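Below is one structure, written out as structure tokens; comments come after it.
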2 protein chains.
Amino acid sequence: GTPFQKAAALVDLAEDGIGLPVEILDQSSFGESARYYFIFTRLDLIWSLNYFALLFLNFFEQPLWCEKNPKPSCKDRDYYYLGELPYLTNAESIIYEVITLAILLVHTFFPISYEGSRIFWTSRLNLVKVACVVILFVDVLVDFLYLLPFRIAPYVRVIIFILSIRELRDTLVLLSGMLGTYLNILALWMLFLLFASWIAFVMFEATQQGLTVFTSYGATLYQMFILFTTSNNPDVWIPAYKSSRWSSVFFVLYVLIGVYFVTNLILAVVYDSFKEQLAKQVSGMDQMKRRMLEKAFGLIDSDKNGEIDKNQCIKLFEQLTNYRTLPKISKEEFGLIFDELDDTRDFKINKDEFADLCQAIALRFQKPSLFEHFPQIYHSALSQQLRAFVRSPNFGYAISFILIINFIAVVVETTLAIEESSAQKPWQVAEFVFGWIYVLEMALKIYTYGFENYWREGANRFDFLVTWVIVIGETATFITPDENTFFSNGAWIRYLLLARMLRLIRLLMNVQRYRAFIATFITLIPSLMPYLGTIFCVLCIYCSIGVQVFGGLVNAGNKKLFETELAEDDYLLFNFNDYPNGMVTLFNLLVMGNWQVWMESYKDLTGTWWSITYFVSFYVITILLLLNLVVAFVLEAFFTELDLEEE
Amino acid sequence: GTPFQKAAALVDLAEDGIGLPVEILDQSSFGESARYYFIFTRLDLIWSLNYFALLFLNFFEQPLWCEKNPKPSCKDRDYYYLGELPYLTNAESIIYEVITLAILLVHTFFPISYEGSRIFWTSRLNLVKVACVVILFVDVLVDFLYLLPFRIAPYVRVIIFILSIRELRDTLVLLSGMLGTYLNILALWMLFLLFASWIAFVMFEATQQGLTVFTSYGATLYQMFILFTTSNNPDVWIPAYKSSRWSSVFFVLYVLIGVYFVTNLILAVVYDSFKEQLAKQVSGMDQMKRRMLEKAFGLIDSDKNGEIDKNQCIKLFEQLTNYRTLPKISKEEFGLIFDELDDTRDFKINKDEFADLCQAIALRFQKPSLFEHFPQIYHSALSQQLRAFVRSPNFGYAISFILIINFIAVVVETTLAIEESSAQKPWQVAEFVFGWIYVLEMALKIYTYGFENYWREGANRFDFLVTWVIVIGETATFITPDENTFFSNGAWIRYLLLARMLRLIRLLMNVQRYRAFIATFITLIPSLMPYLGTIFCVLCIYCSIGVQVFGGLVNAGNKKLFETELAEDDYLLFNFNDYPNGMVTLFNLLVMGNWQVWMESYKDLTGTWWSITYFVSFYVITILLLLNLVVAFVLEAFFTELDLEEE
Ligand SMILES: [Ca+2]
Ligand SMILES: [Ca+2]
Ligand SMILES: [Ca+2]
Ligand SMILES: [Ca+2]
Ligand SMILES: [Ca+2]
Ligand SMILES: [Ca+2]
């Protein structure tokens, strides 16, 4: 047991909670565990692809109501308002499930090799993983034997995907703590709805608005709930306004208080409670991080001198460079990290000074040209003029001028979109020239800045990709002037025109005051993914429930469907017949635009009032809790960055 | 010229920028100005009532399109979908205008008495006031002579009302300061809209969604703006979804990015700019206050010793107690404030120590019973038992039990809302007893805590007034069992139930966590008044413009009206025919619920595309600027209070 290997393992554990068990580093036969751990970590791309394949299977499964015998077979894609995604047959679904299940089974039960026996079977996460895998295997076996109330696999495989990502696991734990305070503010919100309905039920008792809308307290409470979202504001109290113009005062007060006071109060409480959960998690994670780093320091210094020498600190680096979960470190970066690590400036790292290792590792990002091989070409009299001009401030001025000319060429080309293909070639030739100029621009930039220096920053790598993607398509259209099924097609021409448009957005980066706002938007999406992924997983669960409950009520032969608001508004294509169909239907309810049409219509098709619990719970869980959390993220991101420049 | 009088005037100026001119305190004949200033300030209630009456005249004026000769006379209130507020005849309008104009003219030109001659005519605010008064007088004279393109008096009197209140003027100044940054963010929003519209127009060129919705670039931009409002989300791209389910991805991306990113960025920018404006205004006002207080202190101390004695300070107190714009101060409050002001504890107030006078004045609010006159009654064994019981914690428990019994009685009474008046008498008697026992509670509370100590708090006064208002109504209903036109009416019974339900709301204060939120809302309402008044004035201006432009297009005989979205949705009662009608029509656009129905319909009635400039500018000015500001205020208040409790 080499102490440096254990120190590297402890550093890997300190970077994030994922790693080797703590109690096996000093245990005998540790290398046999490290080897299997490295082998397991070499296949993380395969594991992630398998998990995404399991997640994306719900989109391609035949709906459960098709497993029965409807009067027309559901291959009639127009009768049920289905569309555009194929269904997997029995053989295809069976083989896909078998392959994915085998890979998942290998992934789940492999940690037992480097975790021993008792440690694997005493972890709650491993226990729930094994339980989910066993449930999925039993479901697959039952399905194979049949070829049953309902198919439970869709829910299970979504759960497996959620717990397979560390960020998705963390979000659910945080939401668990919020559940106490969130339920508290829902009771206050519920009391406001309950009493406001009581006032409106007795006020409009014998009036015209109580004989058609507020027929009973349940009807009143139902209508006052929708009014709280301002989805039917003028519609609901037309009869009250037609019989008395003073009745509008009550509804004006209710909407104003409901929207500005109550709705904003929920957002403030949700964000405040969630922000408290970060403090508990971050402090706990950081406290664990420093404990692991401190323990690693003790292993390295067996002499108890208190500090590590230069070579000993270096020897740690090549031991921790075998891990793929740690930032890449070069050979010359070894001194760079040690130079930056030293805070007391004594050629030695201290115990409390060593606790800033993980932050130090991924902070260097610096440092030399391959065009310096021949000094008779690069160092020329005319070369300096080119070198001066490319680095001159007018270089951007010239490129901006070219972009403006390109902008003029694009807008005039889009104007002649109804003309035939006879006059499109002259503009194609002009666009052909514009493609190579930008390639010439980026190639010239490589000649001056170098190759490796040109590739260091991540933003330029995106510019490298988009420049090459658009030029190969542009030149492919020109080198093939005869008729083709891939270059003269209407779809290909449209894609070409869009590509040049997304090139023109670069002009918007010239405005510094606008460029800052775009940069904030770009840097926010990576940090918003775990919360956006949770919303996607919640939609997946709700989509599976919607298909199983509201399966085939929207047909071309239903009689009660054409009397509902769904048919009158021509929303028949937004149903819960498919998984893709229900995935975009839940997006329409996500934005709360005409959202009560589906809630009203599916209540009539099911014929029961219990069906509205599907939509009420979706609004409460997703709109009020998850979307309000995402909204609060965008505000806090802008508020901190905006105030930063004035400081 | 008594120096204490000038010191009191300077303190009045320090409290707020409204007061006597600075350069007349040392000028000769100062008392002749102070007397007129006090006389002017004694009539502030009359001035405020006159200003509010002038503002409220727009609601009672006959619309200008009625001044012409429509085919039916507009006394037929149903033909034009008018309703419920009377029109002032020529004589009534003339006399009301004369009275208001006379009072306003007296108010405007009275300051010239205590401001001299040259000072009055060199102030920009006074010049604007005089110009507005002259314009209003000219309009009144022209109207009298006639009995003309249009009447300008509505806008002028709205402006007069706006500039007659300091808070509205401050809000306007801050908005003028913000205008540049608001335009800066609007330009980026417009660029985003234009780019998205270009992409959508080109990409759906020859598709079914481009032959019915995106017919041209202007129509595409219009529909993309409405979609950014998310008022027609599923409707706009139904043809695209019907021809290709993958087309929904573009619209999903547009809606998500637009709404979240752009809306929250605009809100953040507006809030940041307004906070900067608040910082500037507060800094300037505080600097002016300190300068005025320093000048007053310099005036008081003519001996240049550096500190003021006690008697001189008390003399300042009863010299400044003559102003009605300053907080009330009693006799012992003189010594109380003198003791509280002393920070160095030396029986003397210092130069910088005196600058904390305005804050100290309205901070005492303390300090004794009138029931102590007879010690043979108040001091008794049973009296002691009652005093112990009322102040005991079980007093609240018993009152809560009584209120719960009242809740049961009220709910069972409301259950039998369809029954006749024969069985309502027992419940009327029960609620009669409830009202009297509540009055007994209030009287006993007065008896135990005293009279003045009971009247010190404000919520206690509110409880007193509401209890008396409900009990007088209950007893008036009970003592008249025979048929009456005021006590057996259904409206009276409904009012009684509504009054009782608020008493039933008193129980909501028992929950501490809900009581904190309610108190936060209650203390938030006063601080939001200037912004709500600014929104109200903007709504008044827009209503006047809408009545002037969209006057009588909504009739019962129009042919192009029944083909519009206004008639199909049965929104015909929400038009711009009246001032009351337009005032509630603008509220429907305020909440952005089905808001494009009016924008679509009036474009067809006017027959021009310029009419949408009325609705777009309303959305930009009101929804994106003022309502966002109110929302930001609510969020920041809730956040600060919340974070205050965990601290
Ligand atoms: Ca790790
Ligand atoms: Ca050492
Ligand atoms: Ca050191
Ligand atoms: Ca004053
Ligand atoms: Ca003195
Ligand atoms: Ca002192």
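Please note: Cβ atoms are built from the backbone with ideal geometry, for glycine as well, and neighbour counts cover all protein chains shown. What follows draws every value from the coordinates through simple rules; no lab data is involved.
Which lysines does A:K6 reach when only Cα atoms under 26 Å apart count, and residues fewer than 8 places away in its own chain are ignored? Cα-Cα hits under 26 Å: A:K289, A:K295, A:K304, A:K310, A:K315, A:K328, A:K331, A:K348, A:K351. What FRET efficiency would be calculated for the residue pair B:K68, B:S216, taking the C-beta separation as r and a Förster radius of 41 Å, to the nearest 0.05? Taking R0 as 41 Å, the efficiency between B:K68 and B:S216 is 0.65. Can you find, among B:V591, B:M529, B:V620, the residue farthest towards the positive end of the dipole of region B:525-646? Put +1 on the C-beta of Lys and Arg, -1 on that of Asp and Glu. Of the listed residues, the answer is B:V620. Hand me the trypsin sites (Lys or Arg not before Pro) from region B:541-647 located in a DSSP loop with no more than 15 other Cβ atoms within 10 Å, in residue order please. Passing both the DSSP loop test and the Cβ count: B:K559, B:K560. Between B:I257 and B:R324, the simple spin-label model (points 7 angstrom out along Cα→Cβ) gives 6.1 nm.
Which semi-axis lengths, in whole Å and largest first, follow from the square roots of five times the eigenvalues of the Cα gyration tensor of chain A? Working shown, then result.
On the way: eigenvalues 504, 307, 181 Å².
Sorted largest first and rounded, they come to 50, 39, 30 Å.
Packing, as the average of other Cβ atoms within 10 Å across residues, places the peptides A:370-381, B:157-168 in the order B:157-168, A:370-381, highest first.
Counting Cβ atoms of other protein chains within 10 Å of each residue's Cβ and taking the mean over peptide A:263-272 gives 5. Normalised by the number of residues in region B:179-361, the mean separation of alpha-carbon contacts (under 8 Å, six or more apart) gives a relative contact order of 16 percent. Dividing the helix sum by the residues of chain B, where each DSSP H run of 4 or more adds -39500 (n - 2.57), gives a mean residue ellipticity at 222 nm of -21000 deg cm²/dmol.
What's the FRET efficiency of B:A206 with B:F250 using the Cβ-Cβ distance as r and R₀ = 25 Å, to the nearest 0.05? All intermediate terms of the calculation are to be shown ahead of the outcome.
Values: r = 16 Å, r/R0 = 0.65.
Computed FRET efficiency for B:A206 and B:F250: 0.95.
Computed from the alpha carbon positions, the gyration tensor of region B:314-376 leads to an equivalent ellipsoid with semi-axes of 28, 16, 10 Å, biggest first. Ascending distances from the A:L386 label point to its copies in the other chains, with the point 7 Å along the Cα-to-beta-carbon line: 10.6 nm.
The distance separating the Cα centre of region B:1-23 from that of region A:43-71 comes to 80 Å.
Take the Cα of B:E563, step 7 Å toward its Cβ, do the same at B:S400, and the gap between the two points is 6.6 nm. The label-point distance for A:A360 and B:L191, in a model that sets each label 7 Å from Cα toward Cβ, rounds to 4.3 nm. Measuring max minus min along each principal axis, the C-alpha atoms of the protein assembly as shown give extents of 98, 84, 82 Å (largest first). Shown for B:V173, A:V252, B:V597: other C-beta atoms within 10 Å of each C-beta, ranked fewest to most, produce the order B:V173, A:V252, B:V597. Here the Karplus relation 6.51 cos²θ - 1.76 cosθ + 1.60, evaluated at θ = phi - 60°, turns the backbone of region A:474-482 into coupling constants of 5, 6, 5, 5, 7, 6, 10, x, 6 Hz, with x for every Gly and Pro.
Translational diffusion coefficient of region A:172-280 (Stokes-Einstein, Kirkwood radius from Cα pairs, 20 °C, 1.002 mPa s): 140 µm²/s. Among the trypsin sites (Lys or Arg not before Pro) found in region B:31-124, those both in a DSSP coil and sparsely packed, with 13 or fewer other Cβ atoms within 10 Å of their Cβ, are B:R42, B:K68, B:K75, B:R77, B:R118.
Loop-resident chymotrypsin sites (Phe, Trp or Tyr not before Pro) (DSSP state other than H, G, I, E or B) in region B:194-248 with no more than 12 further Cβ atoms inside 10 Å of their Cβ: B:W246. For a label point 7 Å from the Cα of B:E332 along Cα→C-beta, name the residues of region B:433-454 whose backbone N is under 16 Å from it. Backbone N within reach: B:450-454. Between the C-alpha center of region B:521-591 and that of region B:168-227 there is a gap of 23 Å.
In plain terms, the residue of A:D78, B:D170, A:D12 with the fewest other Cβ atoms within 10 Å comes first and the most crowded comes last, giving A:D78, B:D170, A:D12.
Charges only on Cβ, +1 for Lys and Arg, -1 for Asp and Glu: so what's the dipole of chain B about the Cα centre, in debye to the nearest 20?
Taking the Cα centre of chain B as origin, the dipole is about 380 debye.
What shape does region B:8-48 take by its C-alpha gyration tensor, where a ≥ b ≥ c are the square roots of the eigenvalues and a/c under 1.5 counts as rounded, a/b above b/c as prolate, and the rest as oblate?
Details: a/c = 2.80, a/b = 1.37, b/c = 2.05.
Oblate shape, in that a/c is at least 1.5 and b/c is the bigger or equal ratio.
Per-residue Karplus couplings for region B:522-538, computed as 6.51 cos²θ - 1.76 cosθ + 1.60 with θ equal to phi - 60°, are listed in order as 5, 6, 6, 4, x, 6, 9, 4, x, 6, 4, x, 4, 4, 4, 5, 4 Hz, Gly and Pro entered as x.
Determine the shape class of region A:514-646: with a ≥ b ≥ c the square roots of the Cα gyration tensor eigenvalues, call it rounded for a/c under 1.5, and otherwise prolate if a/b is greater than b/c, oblate otherwise. The partial results should precede the final answer.
Values: a/c = 2.86, a/b = 2.64, b/c = 1.08.
The shape class here is prolate.
Across peptide A:628-636, the average count of Cβ atoms from other chains found within 10 Å of a residue's Cβ is 3. Among B:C537, A:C543, the order by Cβ neighbours within 10 angstrom, fewest to most, reads B:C537, A:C543.
Shown is the FRET efficiency for A:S302 and A:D343, computed with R0 = 25 Å from the Cβ-Cβ distance and rounded to the nearest 0.05: 0.60. Each Cα pair under 8 Å and six or more residues apart adds its separation to the average, and for region B:297-362 the resulting relative contact order is 39 percent. Each part gets one Cα centre, and for region B:387-444 versus region A:384-409 those centres are 84 Å apart.
Explain nothing, just the number: relative contact order of region A:172-280, from Cα pairs under 8 Å at least 6 residues apart, as a whole percent. All intermediate terms of the calculation are to be shown ahead of the outcome.
Details: 70 pairs, mean separation 37.5, N = 109.
Answer for region A:172-280 is 34 percent.
Pop out the Kirkwood hydrodynamic radius of region B:43-164 from its pairwise C-alpha distances, inverse of mean 1/r, in Å to one decimal. Provide the component values of the computation, followed by the final result.
Values: mean 1/r = 0.0618 Å⁻¹.
Mean inverse Cα-Cα distance, inverted, gives 16.2 Å.
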